[PDB]
Amino acid sequence: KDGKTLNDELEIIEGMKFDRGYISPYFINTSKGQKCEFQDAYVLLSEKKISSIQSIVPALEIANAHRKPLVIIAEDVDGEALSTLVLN
Amino acid sequence: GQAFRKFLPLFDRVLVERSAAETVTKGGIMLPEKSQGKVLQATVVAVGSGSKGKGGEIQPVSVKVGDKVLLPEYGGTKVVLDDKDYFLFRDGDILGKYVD
Amino acid sequence: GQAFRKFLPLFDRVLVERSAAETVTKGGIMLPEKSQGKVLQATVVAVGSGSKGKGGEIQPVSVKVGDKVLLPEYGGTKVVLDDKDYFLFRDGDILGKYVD
Amino acid sequence: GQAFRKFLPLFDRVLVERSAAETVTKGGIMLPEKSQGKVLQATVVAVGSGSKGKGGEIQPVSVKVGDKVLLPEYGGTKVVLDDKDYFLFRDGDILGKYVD
Amino acid sequence: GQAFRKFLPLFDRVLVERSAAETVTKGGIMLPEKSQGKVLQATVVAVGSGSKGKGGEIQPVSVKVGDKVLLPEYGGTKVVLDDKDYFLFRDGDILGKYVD
């Protein structure tokens with residue numbers, strides 16, 4: 001790929017990176033770099049869009065009961081679910 | 001009949017107060033203030049005099065003040081008493097009554 | 001029945017006068033003349049004779065002159081007396097009766 | 001009438017519980033959860049008080065708790081009791097009654 | 001009333017069984033199975049208790065089990081008994097009844 005400096009650089013992309021950003025800025029928790037960071041976080045993988053509030057509450061209840069951060073990967077988050085998440 | 005806050009329903013109309021909308025689930029999650037929609041639990045505060053719909057003598061209302069009832073989700077009329085909302089239904093539209 | 005300004009309703013029709021609209025809030029803010037809408041508070045001025053729809057005998061109107069009542073939102077008819085505006089309603093349409 | 005889970009239907013309304021839809025046919029094939037649709041087999045869990053639509057005295061409902069009935073495919077009203085589903089019907093909206 | 005194959009209609013509903021659709025004409029040519037459509041010949045198999053729409057005492061249904069009747073071409077309700085199909089009609093919709 002094309003570089004932007006006088007010296008060519010070698011970069012390694014380990015782990016799993018799929019190049020998608022957080023839907024809303026309100027999730028940011030680290031000022032430096034504007035990043036969202038969690039340790040020992042649950043992941044909810046949904047093949048279909050998550051819109052209805054009835055479909056999202058139980059996962060949040062489980063996460064709160066176990067007191068662990070939650071990451072939601074899906075097609076998209078609708079206005080209702082996004083509003084609930086940001087409010088919480 | 002029974003009046004309430006200087007108000008008195010006519011014929012067989014019944015005045016009820018809706019219950020508070022749920023904002024915190026059984027867990028530690030709050031719900032949006034626009035997602036509660038409408039509640040179907042209400043409390044009777046006033047009762048009309050009698051029913052015009054019965055032939056000959058008019059009949060009394062079948063519910064009494066203080067009870068808990070399950071309102072229908074489509075009917076009703078909105079009335080304002082001292083800026084507090086109140087809803088007016090007919091006797092035949094009250095879906096059911098709770099017991100203790 | 002009871003006459004008023006040389007007018008007498010027929011059957012159970014009731015003539016009511018709408019209360020004056022509100023133009024100043026509880027503070028000092030005035031209101032536009034196009035936003036108050038239509039006021040639902042009125043007073044009874046004239047009363048008809050009785051109810052024709054009842055089998056056999058005819059029942060008299062259930063409200064008495066001088067009472068304050070809450071009108072519905074869609075019914076009513078316009079009648080002009082001494083170039084003033086008054087509204088005519090049926091007995092059944094009167095929602096509730098204010099008491100003192 | 002008869003109460004059920006601290007609920008009492010009013011007038012002639014009847015509260016019934018829908019039966020559980022089959023999931024495996026006579027053979028060893030199990031069917032989709034979205035295909036069974038709606039089942040019209042239900043049981044009576046609560047009954048109303050009496051028929052308001054009957055002139056003069058009120059006739060009681062024609063069914064009693066514990067019987068099995070065949071519901072219509074378009075009527076019914078939804079109520080939630082203890083996070084469990086129940087449906088409310090008028091006494092005259094039931095098609096037939098199973099007898100043992 | 002009269003029960004049939006573990007079922008009993010309510011009020012004045014009548015349960016009937018449609019006759020078999022003909023497949024062969026007076027000649028030797030038989031008919032396609034997609035053209036015979038619906039037949040209007042059936043026999044009464046179950047009879048309700050009595051008419052509910054009649055004021056006062058309920059009058060019993062005007063037909064008895066074993067009779068042959070002519071059904072309307074638009075109304076009816078479908079019920080499945082022992083994997084077999086039966087149709088339920090209101091007593092007032094039976095056009096006619098055959099005699100022998």
# chains A, B, ... in the order shown; residues from 1 in each chain; ligands from 1

call {"tool": "calpha_fit_and_write", "arguments": {"fixed": "chain D", "moving": "chain C", "output": "compact mmCIF listing (two decimals) with N, CA, C and O atoms, in the first residue's frame"}}
result
# COMPACT_ATOMS: atom_id res chain seq x y z
N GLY C 1 -68.99 -14.13 40.46
CA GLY C 1 -68.12 -14.75 39.47
C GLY C 1 -66.99 -15.53 40.10
O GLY C 1 -66.90 -15.64 41.32
N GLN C 2 -66.12 -16.09 39.25
CA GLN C 2 -64.98 -16.87 39.69
C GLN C 2 -63.69 -16.13 39.36
O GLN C 2 -63.46 -15.78 38.20
N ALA C 3 -62.86 -15.90 40.37
CA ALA C 3 -61.61 -15.20 40.18
C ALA C 3 -60.51 -16.16 39.76
O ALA C 3 -60.65 -17.39 39.83
N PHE C 4 -59.39 -15.59 39.31
CA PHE C 4 -58.24 -16.38 38.89
C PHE C 4 -57.02 -15.48 38.87
O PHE C 4 -57.00 -14.47 38.15
N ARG C 5 -56.00 -15.83 39.66
CA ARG C 5 -54.76 -15.06 39.73
C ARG C 5 -55.06 -13.59 40.02
O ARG C 5 -54.45 -12.68 39.46
N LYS C 6 -56.01 -13.35 40.93
CA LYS C 6 -56.42 -12.00 41.30
C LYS C 6 -57.00 -11.24 40.12
O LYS C 6 -56.80 -10.03 39.99
N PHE C 7 -57.72 -11.93 39.24
CA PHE C 7 -58.38 -11.32 38.10
C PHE C 7 -59.82 -11.81 38.03
O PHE C 7 -60.09 -12.99 38.26
N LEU C 8 -60.74 -10.91 37.71
CA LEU C 8 -62.16 -11.22 37.63
C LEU C 8 -62.78 -10.48 36.45
O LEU C 8 -62.87 -9.24 36.48
N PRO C 9 -63.21 -11.18 35.40
CA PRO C 9 -63.83 -10.48 34.26
C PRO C 9 -65.16 -9.86 34.65
O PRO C 9 -65.84 -10.30 35.58
N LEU C 10 -65.53 -8.81 33.92
CA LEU C 10 -66.77 -8.09 34.14
C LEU C 10 -67.81 -8.49 33.09
O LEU C 10 -67.47 -8.73 31.93
N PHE C 11 -69.06 -8.56 33.51
CA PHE C 11 -70.19 -8.91 32.64
C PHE C 11 -70.03 -10.37 32.23
O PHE C 11 -69.78 -11.22 33.10
N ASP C 12 -70.17 -10.72 30.95
CA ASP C 12 -70.15 -12.10 30.51
C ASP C 12 -68.82 -12.50 29.88
O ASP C 12 -68.72 -13.60 29.31
N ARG C 13 -67.80 -11.65 29.96
CA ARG C 13 -66.52 -11.98 29.37
C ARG C 13 -65.94 -13.24 30.01
O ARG C 13 -66.11 -13.49 31.20
N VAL C 14 -65.25 -14.03 29.20
CA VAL C 14 -64.66 -15.29 29.63
C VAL C 14 -63.18 -15.28 29.27
O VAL C 14 -62.81 -14.90 28.15
N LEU C 15 -62.34 -15.69 30.22
CA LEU C 15 -60.90 -15.77 30.01
C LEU C 15 -60.52 -17.23 29.79
O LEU C 15 -60.93 -18.11 30.56
N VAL C 16 -59.75 -17.48 28.73
CA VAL C 16 -59.36 -18.83 28.35
C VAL C 16 -57.86 -18.87 28.13
O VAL C 16 -57.21 -17.86 27.85
N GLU C 17 -57.30 -20.08 28.26
CA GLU C 17 -55.88 -20.32 28.05
C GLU C 17 -55.70 -21.19 26.82
O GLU C 17 -56.27 -22.29 26.74
N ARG C 18 -54.91 -20.71 25.86
CA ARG C 18 -54.66 -21.47 24.65
C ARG C 18 -53.79 -22.69 24.96
O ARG C 18 -52.85 -22.61 25.75
N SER C 19 -54.12 -23.81 24.33
CA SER C 19 -53.35 -25.03 24.53
C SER C 19 -51.97 -24.90 23.88
O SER C 19 -51.75 -24.09 22.98
N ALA C 20 -51.04 -25.72 24.35
CA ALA C 20 -49.68 -25.69 23.82
C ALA C 20 -49.67 -26.13 22.37
O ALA C 20 -50.38 -27.05 21.97
N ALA C 21 -48.85 -25.46 21.56
CA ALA C 21 -48.78 -25.76 20.14
C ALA C 21 -48.12 -27.11 19.91
O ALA C 21 -47.48 -27.69 20.79
N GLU C 22 -48.30 -27.63 18.69
CA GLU C 22 -47.73 -28.91 18.30
C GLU C 22 -46.41 -28.69 17.56
O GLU C 22 -46.33 -27.87 16.65
N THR C 23 -45.38 -29.43 17.98
CA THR C 23 -44.05 -29.28 17.42
C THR C 23 -43.45 -30.56 16.86
O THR C 23 -42.40 -30.50 16.21
N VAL C 24 -44.07 -31.72 17.10
CA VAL C 24 -43.64 -32.98 16.51
C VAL C 24 -44.85 -33.68 15.91
O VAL C 24 -45.89 -33.80 16.57
N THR C 25 -44.72 -34.13 14.67
CA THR C 25 -45.80 -34.84 14.00
C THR C 25 -45.98 -36.22 14.63
O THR C 25 -45.30 -36.60 15.59
N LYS C 26 -46.93 -36.98 14.08
CA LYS C 26 -47.15 -38.34 14.56
C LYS C 26 -45.93 -39.23 14.34
O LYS C 26 -45.81 -40.27 14.99
N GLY C 27 -45.04 -38.84 13.43
CA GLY C 27 -43.81 -39.58 13.21
C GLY C 27 -42.68 -39.04 14.05
O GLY C 27 -42.74 -39.10 15.28
N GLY C 28 -41.64 -38.52 13.41
CA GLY C 28 -40.51 -37.94 14.11
C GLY C 28 -40.09 -36.60 13.55
O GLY C 28 -39.02 -36.09 13.88
N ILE C 29 -40.93 -36.02 12.71
CA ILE C 29 -40.62 -34.77 12.03
C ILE C 29 -40.95 -33.61 12.96
O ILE C 29 -42.08 -33.50 13.44
N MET C 30 -39.97 -32.75 13.20
CA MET C 30 -40.21 -31.54 13.98
C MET C 30 -40.74 -30.43 13.08
O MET C 30 -40.56 -30.45 11.86
N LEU C 31 -41.40 -29.45 13.70
CA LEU C 31 -42.02 -28.35 12.97
C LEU C 31 -41.28 -27.04 13.23
O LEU C 31 -40.72 -26.84 14.31
N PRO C 32 -41.25 -26.13 12.26
CA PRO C 32 -40.69 -24.80 12.53
C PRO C 32 -41.55 -24.04 13.54
O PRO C 32 -42.76 -24.24 13.63
N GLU C 33 -40.89 -23.16 14.29
CA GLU C 33 -41.59 -22.35 15.29
C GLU C 33 -42.40 -21.22 14.67
O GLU C 33 -43.18 -20.58 15.38
N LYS C 34 -42.24 -20.96 13.37
CA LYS C 34 -42.94 -19.87 12.70
C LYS C 34 -44.08 -20.36 11.82
O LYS C 34 -44.72 -19.54 11.14
N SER C 35 -44.37 -21.66 11.81
CA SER C 35 -45.37 -22.22 10.91
C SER C 35 -46.60 -22.78 11.62
O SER C 35 -47.63 -22.97 10.97
N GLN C 36 -46.52 -23.04 12.93
CA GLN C 36 -47.67 -23.59 13.64
C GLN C 36 -48.87 -22.65 13.62
O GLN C 36 -50.00 -23.10 13.78
N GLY C 37 -48.64 -21.35 13.41
CA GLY C 37 -49.75 -20.41 13.41
C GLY C 37 -50.28 -20.20 14.81
O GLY C 37 -49.52 -20.21 15.79
N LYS C 38 -51.59 -20.01 14.93
CA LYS C 38 -52.26 -19.79 16.20
C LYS C 38 -53.22 -20.94 16.46
O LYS C 38 -54.05 -21.26 15.61
N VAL C 39 -53.10 -21.55 17.63
CA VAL C 39 -53.89 -22.72 17.99
C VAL C 39 -55.27 -22.27 18.45
O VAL C 39 -55.42 -21.30 19.20
N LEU C 40 -56.30 -22.99 18.00
CA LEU C 40 -57.68 -22.64 18.26
C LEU C 40 -58.28 -23.42 19.42
O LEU C 40 -59.49 -23.33 19.65
N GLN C 41 -57.47 -24.18 20.15
CA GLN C 41 -57.93 -24.96 21.29
C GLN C 41 -57.51 -24.26 22.58
O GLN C 41 -56.35 -23.87 22.73
N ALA C 42 -58.45 -24.11 23.51
CA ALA C 42 -58.18 -23.40 24.75
C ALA C 42 -59.04 -23.98 25.86
O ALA C 42 -59.98 -24.75 25.63
N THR C 43 -58.71 -23.58 27.09
CA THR C 43 -59.42 -24.02 28.29
C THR C 43 -59.87 -22.79 29.07
O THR C 43 -59.19 -21.76 29.09
N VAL C 44 -61.01 -22.92 29.73
CA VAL C 44 -61.60 -21.81 30.49
C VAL C 44 -60.97 -21.77 31.87
O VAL C 44 -60.84 -22.80 32.55
N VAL C 45 -60.58 -20.57 32.31
CA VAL C 45 -59.96 -20.36 33.61
C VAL C 45 -60.78 -19.42 34.48
O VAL C 45 -60.93 -19.65 35.69
N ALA C 46 -61.32 -18.34 33.91
CA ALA C 46 -62.10 -17.37 34.65
C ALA C 46 -63.40 -17.09 33.92
O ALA C 46 -63.45 -17.14 32.68
N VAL C 47 -64.44 -16.78 34.68
CA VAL C 47 -65.78 -16.54 34.15
C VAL C 47 -66.33 -15.27 34.78
O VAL C 47 -66.08 -14.99 35.96
N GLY C 48 -67.09 -14.51 33.99
CA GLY C 48 -67.69 -13.28 34.46
C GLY C 48 -68.94 -13.53 35.29
O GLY C 48 -69.22 -14.65 35.72
N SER C 49 -69.70 -12.46 35.50
CA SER C 49 -70.88 -12.51 36.36
C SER C 49 -72.13 -12.90 35.57
O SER C 49 -72.77 -13.91 35.88
N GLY C 50 -72.49 -12.11 34.57
CA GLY C 50 -73.70 -12.38 33.82
C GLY C 50 -73.78 -11.51 32.58
O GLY C 50 -72.87 -10.74 32.28
N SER C 51 -74.90 -11.65 31.87
CA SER C 51 -75.11 -10.96 30.61
C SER C 51 -75.88 -9.67 30.85
O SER C 51 -77.04 -9.70 31.28
N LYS C 52 -75.24 -8.53 30.56
CA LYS C 52 -75.90 -7.24 30.73
C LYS C 52 -76.90 -6.94 29.62
O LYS C 52 -77.88 -6.23 29.85
N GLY C 53 -76.67 -7.48 28.42
CA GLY C 53 -77.52 -7.15 27.28
C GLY C 53 -78.92 -7.71 27.36
O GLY C 53 -79.81 -7.21 26.66
N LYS C 54 -79.16 -8.73 28.19
CA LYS C 54 -80.48 -9.31 28.32
C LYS C 54 -81.40 -8.35 29.07
O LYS C 54 -81.01 -7.77 30.09
N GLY C 55 -82.62 -8.19 28.56
CA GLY C 55 -83.60 -7.34 29.20
C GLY C 55 -83.91 -7.78 30.62
O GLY C 55 -84.05 -8.98 30.89
N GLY C 56 -84.03 -6.83 31.53
CA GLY C 56 -84.32 -7.16 32.91
C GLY C 56 -83.18 -7.92 33.54
O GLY C 56 -82.04 -7.44 33.57
N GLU C 57 -83.47 -9.11 34.05
CA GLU C 57 -82.45 -9.92 34.72
C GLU C 57 -81.28 -10.18 33.78
O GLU C 57 -81.40 -10.06 32.56
N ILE C 58 -80.14 -10.53 34.37
CA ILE C 58 -78.92 -10.81 33.62
C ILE C 58 -78.61 -12.30 33.70
O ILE C 58 -78.56 -12.89 34.78
N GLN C 59 -78.40 -12.91 32.54
CA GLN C 59 -78.15 -14.33 32.40
C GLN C 59 -76.70 -14.66 32.74
O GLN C 59 -75.79 -13.90 32.40
N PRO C 60 -76.45 -15.78 33.41
CA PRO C 60 -75.07 -16.17 33.70
C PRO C 60 -74.38 -16.79 32.49
O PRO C 60 -75.02 -17.25 31.54
N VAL C 61 -73.05 -16.78 32.54
CA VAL C 61 -72.25 -17.34 31.46
C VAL C 61 -72.60 -18.81 31.27
O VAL C 61 -72.81 -19.55 32.24
N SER C 62 -72.66 -19.24 30.01
CA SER C 62 -73.14 -20.58 29.68
C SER C 62 -72.08 -21.67 29.83
O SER C 62 -72.44 -22.85 29.85
N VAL C 63 -70.81 -21.31 29.94
CA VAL C 63 -69.73 -22.29 30.07
C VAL C 63 -69.20 -22.25 31.50
O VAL C 63 -69.22 -21.22 32.17
N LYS C 64 -68.72 -23.40 31.95
CA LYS C 64 -68.24 -23.58 33.32
C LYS C 64 -66.73 -23.75 33.31
O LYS C 64 -66.15 -24.30 32.37
N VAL C 65 -66.09 -23.28 34.39
CA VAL C 65 -64.64 -23.34 34.48
C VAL C 65 -64.17 -24.78 34.33
O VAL C 65 -64.83 -25.73 34.76
N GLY C 66 -63.01 -24.94 33.69
CA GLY C 66 -62.44 -26.25 33.44
C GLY C 66 -62.84 -26.87 32.12
O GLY C 66 -62.28 -27.91 31.75
N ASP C 67 -63.79 -26.27 31.40
CA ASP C 67 -64.22 -26.82 30.12
C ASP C 67 -63.18 -26.53 29.04
O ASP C 67 -62.38 -25.59 29.14
N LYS C 68 -63.21 -27.35 28.00
CA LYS C 68 -62.39 -27.15 26.80
C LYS C 68 -63.30 -26.69 25.67
O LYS C 68 -64.33 -27.31 25.41
N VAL C 69 -62.92 -25.59 25.02
CA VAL C 69 -63.76 -24.96 24.01
C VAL C 69 -62.93 -24.62 22.79
O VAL C 69 -61.70 -24.52 22.84
N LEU C 70 -63.63 -24.45 21.66
CA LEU C 70 -63.02 -24.11 20.39
C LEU C 70 -63.26 -22.63 20.12
O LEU C 70 -64.41 -22.20 19.96
N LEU C 71 -62.18 -21.86 20.05
CA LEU C 71 -62.28 -20.42 19.87
C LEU C 71 -62.44 -20.06 18.39
O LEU C 71 -62.11 -20.86 17.51
N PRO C 72 -62.95 -18.87 18.10
CA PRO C 72 -62.98 -18.41 16.70
C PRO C 72 -61.60 -17.99 16.22
O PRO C 72 -60.61 -18.14 16.95
N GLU C 73 -61.51 -17.45 15.01
CA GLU C 73 -60.22 -17.17 14.39
C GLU C 73 -59.77 -15.72 14.50
O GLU C 73 -58.57 -15.46 14.38
N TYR C 74 -60.69 -14.78 14.74
CA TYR C 74 -60.35 -13.36 14.68
C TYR C 74 -60.52 -12.62 16.00
O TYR C 74 -59.83 -11.62 16.21
N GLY C 75 -61.41 -13.06 16.88
CA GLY C 75 -61.68 -12.35 18.11
C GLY C 75 -60.63 -12.61 19.17
O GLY C 75 -59.65 -13.34 18.97
N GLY C 76 -60.85 -12.00 20.32
CA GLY C 76 -60.00 -12.21 21.48
C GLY C 76 -59.17 -10.99 21.81
O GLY C 76 -58.85 -10.16 20.95
N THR C 77 -58.81 -10.87 23.09
CA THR C 77 -57.96 -9.80 23.59
C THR C 77 -56.89 -10.39 24.49
O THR C 77 -57.10 -11.43 25.13
N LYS C 78 -55.74 -9.72 24.55
CA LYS C 78 -54.57 -10.23 25.25
C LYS C 78 -54.51 -9.64 26.66
O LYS C 78 -54.63 -8.42 26.83
N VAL C 79 -54.33 -10.50 27.65
CA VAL C 79 -54.14 -10.09 29.04
C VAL C 79 -52.96 -10.86 29.61
O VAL C 79 -52.82 -12.07 29.38
N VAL C 80 -52.11 -10.16 30.34
CA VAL C 80 -50.86 -10.71 30.87
C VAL C 80 -51.02 -10.93 32.36
O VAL C 80 -51.25 -9.97 33.12
N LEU C 81 -50.90 -12.18 32.79
CA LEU C 81 -50.94 -12.55 34.21
C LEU C 81 -49.65 -13.29 34.55
O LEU C 81 -49.36 -14.32 33.94
N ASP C 82 -48.89 -12.78 35.53
CA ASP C 82 -47.62 -13.35 35.93
C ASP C 82 -46.77 -13.57 34.70
O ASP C 82 -46.22 -14.66 34.54
N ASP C 83 -46.76 -12.56 33.80
CA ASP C 83 -45.98 -12.53 32.56
C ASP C 83 -46.35 -13.65 31.60
O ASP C 83 -45.69 -13.82 30.57
N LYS C 84 -47.40 -14.42 31.90
CA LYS C 84 -47.93 -15.41 30.97
C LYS C 84 -49.03 -14.77 30.13
O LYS C 84 -49.53 -13.68 30.44
N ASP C 85 -49.41 -15.46 29.06
CA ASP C 85 -50.38 -14.94 28.11
C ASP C 85 -51.71 -15.67 28.24
O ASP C 85 -51.76 -16.91 28.21
N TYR C 86 -52.78 -14.90 28.38
CA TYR C 86 -54.14 -15.42 28.39
C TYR C 86 -55.00 -14.54 27.50
O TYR C 86 -54.70 -13.36 27.29
N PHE C 87 -56.07 -15.12 26.97
CA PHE C 87 -56.92 -14.45 26.00
C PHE C 87 -58.35 -14.36 26.52
O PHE C 87 -58.88 -15.32 27.08
N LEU C 88 -58.96 -13.19 26.33
CA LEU C 88 -60.28 -12.88 26.84
C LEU C 88 -61.28 -12.84 25.69
O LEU C 88 -61.05 -12.15 24.69
N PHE C 89 -62.38 -13.57 25.83
CA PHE C 89 -63.40 -13.66 24.80
C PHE C 89 -64.78 -13.43 25.40
O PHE C 89 -65.01 -13.65 26.59
N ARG C 90 -65.70 -12.99 24.55
CA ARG C 90 -67.10 -12.88 24.92
C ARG C 90 -67.77 -14.25 24.92
O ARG C 90 -67.26 -15.21 24.34
N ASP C 91 -68.92 -14.33 25.58
CA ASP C 91 -69.63 -15.60 25.67
C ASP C 91 -70.08 -16.09 24.30
O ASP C 91 -69.95 -17.28 23.98
N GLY C 92 -70.62 -15.19 23.48
CA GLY C 92 -71.18 -15.59 22.20
C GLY C 92 -70.16 -16.08 21.19
O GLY C 92 -70.52 -16.84 20.29
N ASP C 93 -68.90 -15.67 21.33
CA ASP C 93 -67.88 -16.01 20.35
C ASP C 93 -67.38 -17.44 20.48
O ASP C 93 -66.81 -17.98 19.53
N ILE C 94 -67.59 -18.08 21.63
CA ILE C 94 -67.12 -19.45 21.82
C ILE C 94 -67.94 -20.37 20.93
O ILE C 94 -69.16 -20.50 21.10
N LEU C 95 -67.28 -21.02 19.97
CA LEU C 95 -67.99 -21.79 18.96
C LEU C 95 -68.60 -23.06 19.56
O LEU C 95 -69.83 -23.22 19.57
N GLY C 96 -67.76 -23.96 20.07
CA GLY C 96 -68.23 -25.25 20.53
C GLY C 96 -67.52 -25.67 21.80
O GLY C 96 -66.45 -25.17 22.14
N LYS C 97 -68.15 -26.61 22.50
CA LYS C 97 -67.67 -27.10 23.78
C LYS C 97 -67.36 -28.58 23.68
O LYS C 97 -68.23 -29.37 23.29
N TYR C 98 -66.14 -28.96 24.03
CA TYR C 98 -65.72 -30.35 24.01
C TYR C 98 -66.26 -31.07 25.24
O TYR C 98 -66.31 -30.51 26.34
N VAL C 99 -66.65 -32.33 25.04
CA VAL C 99 -67.22 -33.15 26.10
C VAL C 99 -66.39 -34.41 26.26
O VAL C 99 -65.62 -34.80 25.37
N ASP C 100 -66.54 -35.05 27.41
CA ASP C 100 -65.84 -36.29 27.70
C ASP C 100 -66.83 -37.36 28.17
O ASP C 100 -67.92 -37.04 28.64

call {"tool": "select_by_dssp", "arguments": {"residues": "chain A", "states": "alpha helix (DSSP H)", "output": "list in words"}}
result
residues 57, 58, 59, 60, 61, 62, 63, 64, 65, 66, 79, 80, 81, 82, 83, 84, 85, 86 and 87 of chain A

call {"tool": "residues_around", "arguments": {"residues": "stretch 66-69 of chain A", "least_positions_apart": "6", "cutoff": "7 Å", "atoms": "only C-alpha atoms", "output": "PyMOL selection string"}}
result
chain A and resi 38+41-42

call {"tool": "select_by_dssp", "arguments": {"residues": "chain E", "states": "strand (DSSP E or B)", "output": "PyMOL selection string"}}
result
chain E and resi 2+9+13-18+24+30+41-47+68-70+77-81+84-90+96-97

call {"tool": "atom_distance", "arguments": {"atom1": "atom CA of residue A:77", "atom2": "atom CA of residue A:61"}}
result
17.9 Å

call {"tool": "atom_distance", "arguments": {"atom1": "atom CA of residue A:29", "atom2": "atom CA of residue A:47"}}
result
26.8 Å

call {"tool": "atom_distance", "arguments": {"atom1": "atom CA of residue A:87", "atom2": "atom CA of residue A:23"}}
result
14.2 Å

call {"tool": "residues_around", "arguments": {"residues": "residue A:18", "least_positions_apart": "4", "cutoff": "12 Å", "atoms": "only C-alpha atoms", "output": "PyMOL selection string"}}
result
chain A and resi 13-14+73

call {"tool": "write_last_selection", "arguments": {"atoms": "N, CA and C atoms", "output": "CSV table (one decimal), in the first residue's frame"}}
result
chain,number,residue,atom,x,y,z
A,13,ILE,N,-0.9,-6.7,11.6
A,13,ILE,CA,-2.2,-6.6,12.2
A,13,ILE,C,-2.6,-7.9,12.7
A,14,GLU,N,-2.4,-8.2,14.0
A,14,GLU,CA,-2.7,-9.5,14.6
A,14,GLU,C,-4.1,-9.5,15.2
A,73,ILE,N,-22.2,-6.8,18.5
A,73,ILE,CA,-21.8,-6.8,17.1
A,73,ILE,C,-23.1,-7.4,16.3

call {"tool": "closest_residue", "arguments": {"among": "A:17, A:56, A:1, A:83", "to": "residue A:44", "atoms": "only C-alpha atoms"}}
result
A:56

call {"tool": "decode", "arguments": {"residues": "stretch 49-92 of chain E", "atoms": "C-alpha atoms", "output": "PDB file, in the first residue's frame"}}
result
ATOM      1  CA  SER E  49     -79.040 -26.276  22.503  1.00  0.00           C
ATOM      2  CA  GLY E  50     -81.206 -23.275  21.647  1.00  0.00           C
ATOM      3  CA  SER E  51     -81.369 -19.867  20.032  1.00  0.00           C
ATOM      4  CA  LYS E  52     -79.757 -17.033  21.986  1.00  0.00           C
ATOM      5  CA  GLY E  53     -81.083 -14.188  19.821  1.00  0.00           C
ATOM      6  CA  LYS E  54     -84.689 -14.885  20.843  1.00  0.00           C
ATOM      7  CA  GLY E  55     -85.860 -12.825  23.793  1.00  0.00           C
ATOM      8  CA  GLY E  56     -87.093 -14.687  26.835  1.00  0.00           C
ATOM      9  CA  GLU E  57     -87.011 -18.470  26.768  1.00  0.00           C
ATOM     10  CA  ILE E  58     -84.755 -19.921  24.076  1.00  0.00           C
ATOM     11  CA  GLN E  59     -86.478 -21.720  21.205  1.00  0.00           C
ATOM     12  CA  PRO E  60     -84.855 -24.976  20.030  1.00  0.00           C
ATOM     13  CA  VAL E  61     -83.226 -25.378  16.639  1.00  0.00           C
ATOM     14  CA  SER E  62     -85.524 -26.046  13.681  1.00  0.00           C
ATOM     15  CA  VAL E  63     -83.589 -29.060  12.318  1.00  0.00           C
ATOM     16  CA  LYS E  64     -82.693 -32.457  13.758  1.00  0.00           C
ATOM     17  CA  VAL E  65     -79.784 -34.828  13.242  1.00  0.00           C
ATOM     18  CA  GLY E  66     -80.125 -37.093  10.217  1.00  0.00           C
ATOM     19  CA  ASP E  67     -81.890 -34.545   8.018  1.00  0.00           C
ATOM     20  CA  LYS E  68     -80.632 -33.382   4.622  1.00  0.00           C
ATOM     21  CA  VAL E  69     -80.288 -29.631   4.081  1.00  0.00           C
ATOM     22  CA  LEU E  70     -79.212 -27.137   1.423  1.00  0.00           C
ATOM     23  CA  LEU E  71     -76.441 -24.825   2.606  1.00  0.00           C
ATOM     24  CA  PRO E  72     -75.698 -21.234   1.583  1.00  0.00           C
ATOM     25  CA  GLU E  73     -72.856 -20.720  -0.862  1.00  0.00           C
ATOM     26  CA  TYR E  74     -70.987 -18.021   1.102  1.00  0.00           C
ATOM     27  CA  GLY E  75     -71.214 -18.586   4.862  1.00  0.00           C
ATOM     28  CA  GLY E  76     -69.966 -21.340   7.125  1.00  0.00           C
ATOM     29  CA  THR E  77     -67.125 -22.152   9.522  1.00  0.00           C
ATOM     30  CA  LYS E  78     -64.591 -24.971   9.237  1.00  0.00           C
ATOM     31  CA  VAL E  79     -63.870 -27.455  12.029  1.00  0.00           C
ATOM     32  CA  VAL E  80     -61.633 -30.529  11.875  1.00  0.00           C
ATOM     33  CA  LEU E  81     -62.718 -33.627  13.807  1.00  0.00           C
ATOM     34  CA  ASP E  82     -60.603 -36.796  13.851  1.00  0.00           C
ATOM     35  CA  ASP E  83     -58.708 -35.441  10.819  1.00  0.00           C
ATOM     36  CA  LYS E  84     -62.083 -35.131   9.042  1.00  0.00           C
ATOM     37  CA  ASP E  85     -63.567 -31.790   8.025  1.00  0.00           C
ATOM     38  CA  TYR E  86     -66.960 -30.543   9.183  1.00  0.00           C
ATOM     39  CA  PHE E  87     -68.696 -27.195   8.739  1.00  0.00           C
ATOM     40  CA  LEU E  88     -70.585 -25.192  11.365  1.00  0.00           C
ATOM     41  CA  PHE E  89     -73.506 -22.939  10.423  1.00  0.00           C
ATOM     42  CA  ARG E  90     -76.000 -20.757  12.256  1.00  0.00           C
ATOM     43  CA  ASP E  91     -79.535 -22.117  12.362  1.00  0.00           C
ATOM     44  CA  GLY E  92     -80.900 -19.099  10.488  1.00  0.00           C
TER      45      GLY E  92
END
